Amino acid sequence: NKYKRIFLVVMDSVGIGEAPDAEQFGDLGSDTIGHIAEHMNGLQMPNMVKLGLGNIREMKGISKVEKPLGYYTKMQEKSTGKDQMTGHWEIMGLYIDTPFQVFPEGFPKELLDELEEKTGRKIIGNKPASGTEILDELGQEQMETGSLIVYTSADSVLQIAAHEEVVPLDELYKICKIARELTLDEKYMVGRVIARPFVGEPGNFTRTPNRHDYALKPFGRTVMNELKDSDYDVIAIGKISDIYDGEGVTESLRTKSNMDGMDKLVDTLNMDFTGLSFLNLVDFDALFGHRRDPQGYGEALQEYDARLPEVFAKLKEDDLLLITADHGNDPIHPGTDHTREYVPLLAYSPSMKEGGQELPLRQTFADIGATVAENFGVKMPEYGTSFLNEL
Ligand SMILES: O=P([O-])(O)O[C@H]1O[C@H](COP(=O)(O)O)[C@@H](O)[C@H](O)[C@H]1O
Ligand SMILES: [Mn+2]
Ligand SMILES: [Mn+2]
Ligand SMILES: [Mn+2]
């Protein structure tokens, strides 16, 4: 095998400019890194610059270098949707025709009617909200009536909140499983159904750790599945395991923040493994993109960049580092949804003694999965073209 270990880092939502099909999505003008760079009066990301970020595209504070450490290009999304599961499933070798939906005005009456019909319970709420806001507003009514608080967020989720002393946990989980079946429908396709049990009294409600998530499996066996089946390590860091519903995962490391995610990446550098370490840095999307906070996003990018030199120092001759993103989420863009954007691709190994070069543009995110598959000699994905031989 060419590389013993591959470290794949998804900077979640870190897009590099509108894709050719952005107009279909209402995403003309979208530019996640570029708009952040402008807001920051120049982004400080010297380590990404050294890798060749500016060679992909020059932006404020992000300039090209004569001799990038590794290889660079961008990738274009081939699948229909710009959601979390589409982008990640494509990266690992799939093609997803049917996109996951978001619900800024709440769920269609038809879906909620059927959920009521199957459960024998009333549904209240039906809007995007934080768990705190919705409990303050409807927690007391929920307790008194035994109704279900159904709500969403900026991502593809259907959340069901019920008080633990009013709706037994087991009943709440049964209800969520019913909701999970009903939402396997392209009209209502949510990425995740989430049980949100809570306790307390009006003016003092708290969500309990008895939260359960109900995800869909990827629409195909992924490169991760093939790695696991061939006895390779597949270490998932952060949201990765959840995003693939555990498919192909041999070890999962939970993270609490981007800095904690980098700490776990460092932990995996310290592990003797053969296979894939796969990190998702989610704060970019979860705290800043959807909340349209370019300052916070910019600060987070600078915090991430400052962590990289330690990563560079630990990489071995037979390690490969891949840095990419799944979609965009431009923090200076209308609405609260993701943006359809190209994503950067940086590919670096200390064995690249003369530095890297420009790669042909990746026509699908599955090019990453294809590269990983070829490296480890496992079954090649149906989609994607390996760039292993170019490195
Ligand atoms: O908590 P996480 O990282 O699993 O994230 C979870 O909860 C968030 C809601 O946050 P709130 O608690 O403010 O309602 C949602 O945006 C997200 O889709 C969901 O996976
Ligand atoms: Mn848009
Ligand atoms: Mn994402
Ligand atoms: Mn998102």
# chains A, B, ... in the order shown; residues from 1 in each chain; ligands from 1
call {"tool": "closest_atom_pairs", "arguments": {"of": "chain A", "to": "ligand 2", "cutoff": "7 Å", "atoms": "only C-alpha atoms and all ligand atoms", "output": "CSV"}}
result
residue,atom,partner,partner_atom_place_in_ligand_line,distance
A:25,CA,ligand 2,1 (Mn),6.1
A:26,CA,ligand 2,1 (Mn),4.4
A:27,CA,ligand 2,1 (Mn),3.8
A:333,CA,ligand 2,1 (Mn),6.4
A:334,CA,ligand 2,1 (Mn),6.0
A:335,CA,ligand 2,1 (Mn),6.8
A:337,CA,ligand 2,1 (Mn),6.6
A:338,CA,ligand 2,1 (Mn),6.9
A:339,CA,ligand 2,1 (Mn),5.4
call {"tool": "residues_around", "arguments": {"residues": "residue 99 of chain A", "least_positions_apart": "4", "cutoff": "10 Å", "atoms": "only C-alpha atoms", "output": "tab-separated table (two decimals) with N, CA and C atoms, in the first residue's frame"}}
result
chain	number	residue	atom	x	y	z
A	79	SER	N	-24.09	14.80	-6.85
A	79	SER	CA	-25.42	14.43	-6.33
A	79	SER	C	-26.39	15.61	-6.34
A	80	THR	N	-27.68	15.30	-6.29
A	80	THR	CA	-28.73	16.32	-6.42
A	80	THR	C	-28.72	17.39	-5.31
A	81	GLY	N	-28.51	16.95	-4.07
A	81	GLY	CA	-28.67	17.83	-2.91
A	81	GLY	C	-27.39	18.40	-2.33
A	82	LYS	N	-27.55	19.43	-1.50
A	82	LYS	CA	-26.42	20.11	-0.83
A	82	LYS	C	-26.40	19.90	0.69
A	83	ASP	N	-27.07	18.83	1.14
A	83	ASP	CA	-27.24	18.54	2.57
A	83	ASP	C	-26.07	17.72	3.14
A	84	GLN	N	-26.07	17.57	4.46
A	84	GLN	CA	-25.04	16.86	5.22
A	84	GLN	C	-24.77	15.43	4.76
A	85	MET	N	-25.83	14.64	4.63
A	85	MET	CA	-25.70	13.23	4.27
A	85	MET	C	-25.30	13.04	2.80
A	86	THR	N	-25.87	13.85	1.91
A	86	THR	CA	-25.50	13.80	0.48
A	86	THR	C	-23.99	14.01	0.27
A	186	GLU	N	-39.82	10.97	-0.17
A	186	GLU	CA	-39.00	12.03	-0.76
A	186	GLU	C	-39.62	13.42	-0.54
A	187	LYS	N	-40.94	13.45	-0.38
A	187	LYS	CA	-41.66	14.67	0.01
A	187	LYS	C	-41.19	15.18	1.38
A	189	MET	N	-38.31	13.95	3.31
A	189	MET	CA	-37.11	13.20	3.69
A	189	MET	C	-36.22	14.01	4.63
A	190	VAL	N	-36.25	13.67	5.92
A	190	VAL	CA	-35.36	14.31	6.89
A	190	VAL	C	-34.17	13.40	7.13
A	191	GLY	N	-33.01	14.01	7.31
A	191	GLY	CA	-31.81	13.27	7.64
A	191	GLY	C	-31.92	12.49	8.94
call {"tool": "residues_around", "arguments": {"residues": "residue 360 of chain A", "least_positions_apart": "2", "cutoff": "8 Å", "atoms": "only C-alpha atoms", "output": "compact mmCIF listing (two decimals) with N, CA, C and O atoms, in the first residue's frame"}}
result
# COMPACT_ATOMS: atom_id res chain seq x y z
N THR A 73 -6.68 21.26 -5.55
CA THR A 73 -7.69 21.51 -6.57
C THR A 73 -9.00 21.74 -5.83
O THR A 73 -9.02 21.83 -4.60
N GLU A 358 -1.03 21.25 -9.12
CA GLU A 358 -2.47 21.29 -9.33
C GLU A 358 -2.98 19.95 -9.88
O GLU A 358 -2.40 19.37 -10.80
N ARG A 362 -11.93 17.79 -9.45
CA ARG A 362 -12.65 16.55 -9.16
C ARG A 362 -14.12 16.72 -9.52
O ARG A 362 -14.81 17.59 -8.97
call {"tool": "residues_near_ligand", "arguments": {"ligand": "ligand 1", "cutoff": "10 Å", "atoms": "only C-alpha atoms and all ligand atoms", "output": "compact mmCIF listing (two decimals) with C-alpha atoms, in the first residue's frame"}}
result
# COMPACT_ATOMS: atom_id res chain seq x y z
CA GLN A 84 -25.04 16.86 5.22
CA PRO A 128 -37.79 25.83 13.51
CA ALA A 129 -36.66 26.55 17.08
CA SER A 130 -33.87 25.92 19.54
CA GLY A 131 -34.75 23.27 22.17
CA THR A 132 -34.62 25.98 24.87
CA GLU A 133 -37.06 28.38 23.15
CA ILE A 134 -39.60 25.68 22.26
CA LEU A 135 -39.67 24.20 25.80
CA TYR A 151 -39.90 21.07 15.76
CA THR A 152 -36.98 21.51 13.40
CA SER A 153 -33.75 23.51 13.05
CA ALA A 154 -31.69 24.85 10.12
CA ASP A 155 -30.58 21.30 9.25
CA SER A 156 -32.54 18.29 7.98
CA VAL A 157 -34.10 17.18 11.27
CA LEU A 158 -37.46 16.37 12.85
CA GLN A 159 -37.27 16.68 16.65
CA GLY A 191 -31.81 13.27 7.64
CA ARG A 192 -32.49 12.57 11.31
CA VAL A 193 -35.44 12.10 13.67
CA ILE A 194 -34.38 13.11 17.19
CA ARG A 196 -35.80 15.14 22.84
CA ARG A 207 -33.38 18.32 28.08
CA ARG A 211 -31.78 11.87 23.60
CA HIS A 212 -31.77 9.28 20.79
CA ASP A 213 -31.11 9.94 17.07
CA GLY A 238 -16.93 13.80 15.69
CA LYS A 239 -20.21 13.51 13.77
CA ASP A 242 -23.65 9.44 13.08
CA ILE A 243 -23.55 10.77 9.49
CA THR A 255 -15.96 15.55 20.10
CA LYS A 256 -17.33 18.70 21.80
CA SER A 257 -15.73 21.42 19.63
CA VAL A 282 -18.68 20.70 12.55
CA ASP A 283 -18.56 24.07 14.39
CA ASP A 285 -21.61 24.78 9.97
CA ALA A 286 -23.38 24.38 13.33
CA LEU A 287 -22.34 27.58 15.14
CA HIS A 290 -26.52 28.57 9.72
call {"tool": "residues_around", "arguments": {"residues": "segment 297-311 of chain A", "least_positions_apart": "5", "cutoff": "6 Å", "atoms": "only C-alpha atoms", "output": "list in words"}}
result
residues 36, 44, 45, 47, 284 and 288 of chain A
call {"tool": "residues_near_ligand", "arguments": {"ligand": "ligand 3", "cutoff": "6 Å", "atoms": "only C-alpha atoms and all ligand atoms", "output": "ChimeraX atom specification"}}
result
/A:12-13,84,326
call {"tool": "write_last_selection", "arguments": {"atoms": "N, CA and C atoms", "output": "CSV table (one decimal), in the first residue's frame"}}
result
chain,number,residue,atom,x,y,z
A,12,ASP,N,-16.5,21.3,7.8
A,12,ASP,CA,-17.9,21.1,7.5
A,12,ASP,C,-18.4,22.5,7.0
A,13,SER,N,-18.9,22.5,5.8
A,13,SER,CA,-19.5,23.7,5.1
A,13,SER,C,-18.5,24.7,4.6
A,84,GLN,N,-26.1,17.6,4.5
A,84,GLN,CA,-25.0,16.9,5.2
A,84,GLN,C,-24.8,15.4,4.8
A,326,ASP,N,-17.8,19.5,2.6
A,326,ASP,CA,-18.9,18.7,2.1
A,326,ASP,C,-19.9,19.5,1.2
call {"tool": "closest_residue", "arguments": {"among": "A:320, A:123, A:14, A:184", "to": "ligand 4", "atoms": "only C-alpha atoms and all ligand atoms"}}
result
A:14
